[PDB]
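For reference, the structure discussed in these notes is given below.
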Amino acid sequence: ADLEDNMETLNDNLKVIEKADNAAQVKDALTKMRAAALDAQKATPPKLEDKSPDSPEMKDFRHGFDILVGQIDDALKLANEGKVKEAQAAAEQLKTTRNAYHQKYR
Ligand code: HEM
């Protein structure tokens, strides 16, 4: 990963969800989100670079990727069923973990 490109891509996919009037495009974008989260989980966050080497939190800063990717799977389960709307609604919930959790770790 770099990190920059994975973070912007997680954002870009959320932007696609604000437009995509069909479960097709909502899902195709959200797929790229999952890929970017997977690679971001393989990156080192500067907010916690000076951390302890083996800090049990840093090691598990991953918790946000686990929580976020969890909610991405649930959101994908909406549009994949055809609830493209409810996917777009719950996309606002993904924004807490990019806003709140960003304060901790960003
Ligand atoms: C929908 C979920 C998320 C979105 C869309 C998002 C988006 C972004 C964006 C745009 C940036 C910085 C781009 C820039 O200023 O050039 C960023 C940076 C960052 N994010 Fe997120 N983020 C998300 C979730 C998360 C989560 C959950 C974590 C931690 C588990 C995290 C950790 C970070 C870190 C460390 C950076 C700073 C790296 C840098 O300066 O580029 N993000 N994110």
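Residue numbering: from 1, along the chain as shown.
So how was this one determined? The header says solution NMR.
Including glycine, each Cβ sits where the backbone N, Cα and C put it.
According to Swiss-Prot, the features are:
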- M7, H102: heme b binding site (BINDING)
- 47-60: compositional bias 'Basic and acidic residues' (COMPBIAS)
- 38-60: region 'Disordered' (REGION)
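In this view, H102 (heme b binding site) is surrounded by 15 other Cβ atoms within 10 Å of its Cβ, with every protein chain counted. Helix first, then strand, then coil: DSSP counts for the region 'Disordered' (38-60) stand at 6 helix, 0 strand, 17 coil.
Under a cutoff of 8 A between CB atoms, and with a sequence separation of 6+ in the same chain, the neighbours of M7 (heme b binding site) are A36, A40.
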